[PDB]
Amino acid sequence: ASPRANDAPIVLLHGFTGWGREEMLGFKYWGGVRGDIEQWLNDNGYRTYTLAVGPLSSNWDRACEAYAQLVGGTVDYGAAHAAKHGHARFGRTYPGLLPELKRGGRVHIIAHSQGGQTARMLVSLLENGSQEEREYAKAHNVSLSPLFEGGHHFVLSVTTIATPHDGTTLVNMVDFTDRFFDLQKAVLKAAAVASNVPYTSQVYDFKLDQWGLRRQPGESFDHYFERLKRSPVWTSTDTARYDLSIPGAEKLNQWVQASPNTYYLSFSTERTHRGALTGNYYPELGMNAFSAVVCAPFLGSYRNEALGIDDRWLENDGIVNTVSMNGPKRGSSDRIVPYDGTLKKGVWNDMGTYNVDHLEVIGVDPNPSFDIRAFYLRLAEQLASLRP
């Protein structure tokens, strides 16, 4: 029970590789083959909008982009941050999806996977701003984005679904494969090529503008090639891959903390079964093919006791370790409590673990057994029941 206590709008925030509504020919990240989640929510009286930030970027960059997309304006990554990592300070300019957040309004954020880290960071920056950005701005006499001031509280709630709050060991597998096939560098080169091809961005927009991957106006190929080789993007830790790794996720948890003015809900996922002999976990029949063959095996068998990666990390949903989903724990002081019928502020409300994989939970992969429609409508109702 507990009816409508607020009419604050909802924004959907995708995770790693996530694309916007106008990309992928309309195939929705939030809905996939099952439908259009944003539309189902809107048709039911829940004002909903969809955010589309850097699919391969760091949570910091994605948070800054999310902020601009919400209140409108030109993306400002921060002069200190831009200088530190070697990329442009300013980005794209947006009209604003919810400028009402600038004058009292509040918003519910529903995020999937990496989106969970971005949402938490946006809240932390809004609330505390960035001391480093403030000091840098005053010391060099440059402008400061309101986002780094602190004292803002327009986010009412953050709901994470299958979010790797403590990271995912999948990155560890990528580290091993790096000795040969370097996945990140390959993805970047592909993005570099695409940035120069005409219509590509209409299908999949990499949103890596800050790195200047495309050949500029009168730039010759020769100059272009030389400039790219010198780019710091190839060896940068200012990427989603780093924030998603075990050590990167902890560093994020060290400063991104749960705000006492915001409600936090987490949903965990698993689509595996434990081997009686080894203790290792294997993908159930149904998990999307990609995950089942390429990711699940490593996720369900990789251990590193010295780093704290024990048997409790083997259960997974094909992409992320389940134990990493209930809330930040590694390098975190956040509190996680089991949902007891009453949602609380400043803590993670563990809404439970669901038998659906990483892609099925957003409809990208089919699973007739999963009533995706009901899951999101039921979530919307709970968010609407929250007391401001």
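When you see a residue number, it is the position in the sequence shown, counting from 1.
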item	value
56-64 set against 39-47, stretch whose average Cα temperature factor tops the other in the entry	39-47
Residue range whose averaged C-alpha B-factor is higher in the record, 357-365 or 316-324	357-365
Given 273, 207, 138, 165, the residue at which the Cα B factor reaches its maximum	273
Member of 75, 197, 98, 109 with the greatest C-alpha B factor (per the PDB record)	197
Among modelled residues of the same chain, the CA temperature factor third for residue 127	middle
Residue 14 by Cα B-factor - lowest, middle or highest third of the modelled chain	lowest
Third of the chain's Cα B-factor distribution that residue 347 belongs to, per the entry	lowest
Third of the chain, ranked by Cα B-factor, where residue 308 sits	highest
Chain-wide C-alpha B factor ranking for residue 250, given as lowest, middle or highest third	middle
